Amino acid sequence: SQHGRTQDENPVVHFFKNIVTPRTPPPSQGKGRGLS
């Protein structure tokens, strides 16, 4: 996973974004990065 201030993206959310957004969704983040 990637590091940042963004919450760990779920693979289900990624799939959702794949459907509704033609642009490549952002990569999943480390667990707890959203709170960091």
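Here, every reference points to the structure presented above.
1. Details of the overall build of the protein
Piece 1. For the protein, the helix and strand inventory stands at one helix and zero strands.
Piece 2. By principal-axis analysis of the C-alpha atoms, the protein measures approximately 30 × 15 × 15 Å.
Piece 3. Here the protein holds 36 residues, and 11% of them are scored as buried.
Piece 4. Within the protein, counting contacts between residues at least 6 apart in sequence, those at least 24 apart form 53% of the total.
Piece 5. Total accessible area on the protein stands at roughly 3200 Å², and carbon and sulfur atoms take up 55% of it.

2. Description of a nonpolar patch on the surface
Piece 1. Nonpolar side chains collect at one region of the surface, where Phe16, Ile19 and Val20 lie side by side and expose about 340 Å² of accessible area between them.
Piece 2. Secondary-structure assignment places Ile19 in helix α1 (residues 11-20).

3. Examining the side chain of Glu9
Piece 1. Structurally, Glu9 is set in the segment before α1.
Piece 2. A relative accessible area of 10% places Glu9 in the buried class.
Piece 3. Polar contacts involving the side chain of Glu9 include one to the side chain of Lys17, which spans 2.9 Å.

4. A short note on the environment of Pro25
Piece 1. As for its placement among the helices and strands, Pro25 is situated in the segment after α1.
Piece 2. The exposure class of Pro25 is buried, given its relative accessible area of 10%.
Piece 3. Through-space distance from the C-alpha of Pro25 to that of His14 is 6.4 Å; in sequence the pair is eleven residues apart.
Piece 4. In this view, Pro25 contacts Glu9, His14, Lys17 and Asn18; residues no more than four positions away in its chain are not counted.

5. A word on the pattern of salt bridges
Piece 1. Counted according to the given criterion, the structure contains one salt bridge.
Piece 2. Notably, a salt bridge pairs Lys17 with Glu9, separated by 2.9 Å at the nearest N-O pair.

Reading the values: rules and limits
Residues numbered from 1 in each chain as written, not as in the entry; some residues may be left out. Heavy atoms only, no water. Helix = DSSP H or I, 4+ residues; strand = E, 2+ residues; numbered from the N terminus. Buried < 20%, exposed > 50% of the residue type's maximum accessible area, 1.4 Å probe, protein only. Contact = heavy atoms within 4.5 Å. Areas by Shrake-Rupley, 256 points an atom, 1.4 Å probe, with all protein chains shown as cover. Patch = residues over 30% accessible without salt bridge, like charges linked within 9 Å, V, L, I, M, F, W, Y side chains within 5 Å. Salt bridge = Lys/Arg side-chain N within 4 Å of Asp/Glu carboxyl O. Polar contact = N/O pair within 3.5 Å; in protein donor to acceptor, adjacent residues only side chain to side chain.

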